[PDB]
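# Fold and contact review
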10 protein chains.
Amino acid sequence: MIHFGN
Amino acid sequence: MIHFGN
Amino acid sequence: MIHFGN
Amino acid sequence: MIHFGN
Amino acid sequence: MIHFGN
Amino acid sequence: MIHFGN
Amino acid sequence: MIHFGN
Amino acid sequence: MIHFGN
Amino acid sequence: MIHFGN
Amino acid sequence: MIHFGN
């Protein structure tokens with residue numbers, strides 16, 4: 001998983 | 001998963 | 001999954 | 001996991 | 001895990 | 001750009 | 001850019 | 001840039 | 001940049 | 001930069 005934000 | 005935002 | 005937005 | 005944000 | 005933020 | 005392949 | 005492959 | 005591969 | 005591979 | 005590999 002690459003997660004940017006909320 | 002690549003997730004940008006909410 | 002590539003997800004940009006909400 | 002790479003996580004930037006909240 | 002790489003975590004930047006909260 | 002989203003690029004999968006070569 | 002999101003790039004998977006070569 | 002998110003790059004997976006070569 | 002997030003880079004996995006070569 | 002986050003770099004995993006060579």
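Above: the structure in question.
Spatially, β1(F)-β1(G)-β1(H)-β1(I)-β1(J) is the arrangement adopted by the 5 strands of the open sheet, whose pairing is parallel. Strands with a single pairing partner mark the edges of an open sheet, and in this sheet they are β1 (2–5) of chain F together with β1 (2–5) of chain J. With direction set aside, neighbouring strand axes in the sheet form an average angle of 0 degrees.

This part takes up the interface of chain B and chain A. Across the contact, 6 residues belong to chain B and 6 residues belong to chain A. Of the roughly 530 Å² buried between chain B and chain A on both sides combined, carbon and sulfur atoms contribute 53%. Among the residues chain B hides against chain A, the three largest losses belong to B:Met1, B:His3 and B:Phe4. Together they make up 63% of the total. Between chain B and chain A we count 0 salt bridges in total. Across the contact surface, chain B and chain A share 7 residue pairs in polar contact. Of the residues belonging to the side of chain B that touches chain A, the class tally is 3 nonpolar, 3 polar and no charged. Bridge count for strand β1 (residues 2–5) of chain A against strand β1 (residues 2–5) of chain B is 4 bridges, and the pairing is parallel. Along β1(B), the bridge assignment pairs A:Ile2 with B:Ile2.

Rules and cut-offs
Residues numbered from 1 in each chain as written, not as in the entry; some residues may be left out. Chains lettered and ligands numbered in written order. Heavy atoms only, no water. Pairing = 2+ DSSP bridges. Helix = DSSP H or I, 4+ residues; strand = E, 2+ residues; numbered from the N terminus. Axes fitted to C-alpha atoms, helices over the stretch in contact; angles between N-to-C directions. Contact = heavy atoms within 4.5 Å. Buried area = accessible area lost by both parts, 1.4 Å probe. Salt bridge = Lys/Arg side-chain N within 4 Å of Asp/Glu carboxyl O. Polar contact = N/O pair within 3.5 Å; in protein donor to acceptor, adjacent residues only side chain to side chain. Nonpolar A, V, L, I, M, F, W, Y, C, P; charged D, E, K, R; others polar.

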